Every structure is written in structure tokens, then in C-alpha cells.
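Peer 1: Chains from the complex, first installment, not repositioned:
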Amino acid sequence: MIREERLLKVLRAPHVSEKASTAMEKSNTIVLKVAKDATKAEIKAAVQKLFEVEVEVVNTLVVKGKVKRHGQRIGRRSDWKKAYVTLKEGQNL
């Protein structure tokens, strides 16, 4: 099993957008920003054990950071990971 100390550090934020919103209200999937080194077994286990719901399957993409600039000083943001967590028929959150 995955230890609970690992399993708390994985989920990072709920992702709020309109693709996320239509995924919730149309296909049971909650979209959430996860740890960059988090595997699909860790995300599945962490939503099973931290929101106490039943997860059908996880799909993970990794989002690349945008090169912004302040003034005349550039900088890339930071890569993050986004997990499309497809729940079962019985869920709320």
C-alpha cells in the first residue's frame, strides 16, 4: 500500500476552469493539480482516501510552464501536473 505521508503530499489544488467544470457536470471527472512526481496509482489512492469517494480511473497530463516577463526580465513559470480523475456513479466531491 501507499503510506499516508506520501499520499497527502500528492494532491495540491482543485483545478478551476470551464473544461474542468464541464468535466464535473457532464462526465463525473474532477480535475485537480497534483504533485509533479505523482503517479496515477498515488492520485487514485489519494482521492480514494482523502475525499472518501470511489475512483474509476485517472488520466494525467503535464502542463508546461509559460515564459513570461517582468519589464525586460524573462522567466519560465514552472511545470505542473493535472489529473483528470474519473469517479464512479456514486459521488459528490
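Peer 2: Yep, it's here. Numbers count the residues shown, from 1 in each chain, chains lettered A, B, ... in the order given.

Peer 1: Tell me which stretches of chain A form strands.
Peer 2: Applying DSSP state E to chain A gives strands spanning A:11-14, A:29-34, A:55-63, A:67-70, A:73-76, A:80-87.

Peer 1: tell me the contacts of the spatially most central residue of chain A?
Peer 2: Geometric centre of chain A, nearest residue: residue A:32, 2.7 Å, by Cα atoms, centre = their mean. Residue A:32 makes contact with A:11, A:12, A:13, A:14, A:15, A:82, A:83, A:85, according to Cβ atoms under 8 Å, 6 or more residues apart in numbering. Just so you know, the C-beta spots here come from the backbone N, C-alpha and C atoms, and that holds for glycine as well.

Peer 1: Leaving out sequence neighbours, find the closest residue to residue A:35.
Peer 2: What sits nearest to residue A:35 in space, not counting adjacent residues and going by Cβ to Cβ, 6 or more residues apart in numbering, is residue A:10, at 4.8 Å.

Peer 1: now for chain B, put it on the one above:
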Amino acid sequence: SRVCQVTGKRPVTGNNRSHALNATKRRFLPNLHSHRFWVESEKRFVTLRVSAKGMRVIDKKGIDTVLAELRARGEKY
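Peer 2: Let me add chain B to what's already shown:
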């Protein structure tokens, strides 16, 4: 490399001088030969890359003393 295993003779450097004294670099090489030495105390042939005066010093000092020197300074035979 061309090093005598007994006396430790490297190749050294020098000059070809000519009759007009034109200096050119050269190497003096040792007279290295690979000879197979019978040791009676071990009843074996230990083959070494000796000079042709490493064989003089083996003829004088004996092969056992020489092998004790090579084993002493970590030269593997």
C-alpha cells in the same frame, strides 16, 4: 611501455647532431628483450621484459634477489 623491469630504463631523449651540428631530437631506447627466467626456488619460468643489462644484473645478483626487489617496489611479474 619500453621500461626494463629490473633496472627501470625508460627511453631518454637527445639529439641527432650532424657534421654541420644541426640538432634534431631523437630517442635513445633501451635494449629491451623479453626473456623467460627459470627460478629454481619456485620451480617455474617467470618471463620478464629486461634490458640486456638487466640480464647482467640477474646473472650477478641472482634471479631470486631481483624478484624480491620487483615484489618490493610493487612491480608485478
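
Peer 1: returning to that earlier point: beta partners of the residue nearest to the centre of chain A?
Peer 2: Counting by DSSP bridges, residue A:32 is bridged to residue A:14, residue A:83.

Peer 1: Could you report the separation of it from residue A:86?
Peer 2: 12 Å (Cβ to Cβ, to the nearest Å).

Peer 1: and the residue nearest to the centre of chain A, how far is that from residue B:20?
Peer 2: Distance of residue A:32 to residue B:20, computed by Cβ to Cβ: 89 Å.

Peer 1: Could you do residue B:61 as well?
Peer 2: 45 Å.

Peer 1: Specify the residue positioned farthest from the middle of chain B.
Peer 2: What lies farthest from the middle of chain B is residue B:20; by Cα atoms, centre = their mean that is 34.3 Å.

Peer 1: Please disregard the earlier target; I meant chain A.
Peer 2: Chain A, Cα atoms, centre = their mean, max distance from centroid: residue A:72 (33.1 Å).

Peer 1: throw chain C onto that model:
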Amino acid sequence: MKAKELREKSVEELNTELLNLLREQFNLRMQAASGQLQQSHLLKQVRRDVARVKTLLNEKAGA
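Peer 2: Let me put chain C in with the others:
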């Protein structure tokens, strides 16, 4: 809270360890990033408090 954590057993710092991570830390990351959580200093003090529990836990366990 530095002597207070210093005077428990290893099992009890594992309990308040898992409760610093569980109850405090995760619920404040989720609460912070969902528009709630006016009080942002809690994130800092929880994080440093987990540092204390892991410090005393390393000092208590063995060397």
C-alpha cells in the same frame, strides 16, 4: 511548542505528525487554493510545526 513535543513518546509524535499533515496541512492547501482561507499565516506555522516534529522525531529515534 518545542519542549511540549520533546516530552512525548515516538508513537505520539507519529500521531501528531500525521495530524499536522492530515488535519492541518492538506486542508489548508485545499482551503487556500479554493478562494477561502483569509488567514494565510496558518500555512507557514503548520509547515514549521511539521519541521519541529520531524526534528524531534529524528533526535528521539537513535542518535
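
Peer 1: For chain B, I'd like the single residue that approaches chain C most closely.
Peer 2: Taking Cβ to the nearest Cβ, chain C has its nearest neighbour within chain B at residue B:74, 41.0 Å off.

Peer 1: I'd like to know how many residues surround that residue.
Peer 2: By other Cβ atoms under 10 Å in any protein chain shown, the residues close to residue B:74 number 6.

Peer 1: same question, residue A:42
Peer 2: So residue A:42, with other Cβ under 10 Å, has 20 neighbours.

Peer 1: Quick check: it vs chain C, distance?
Peer 2: According to Cβ to the nearest Cβ, to the nearest Å, residue A:42 stands 14 Å off from chain C.

Peer 1: close enough to count as contact, that residue and residue A:10?
Peer 2: Yes - under the criterion of Cβ atoms under 8 Å, residue A:42 makes contact with residue A:10 at 4.9 Å.
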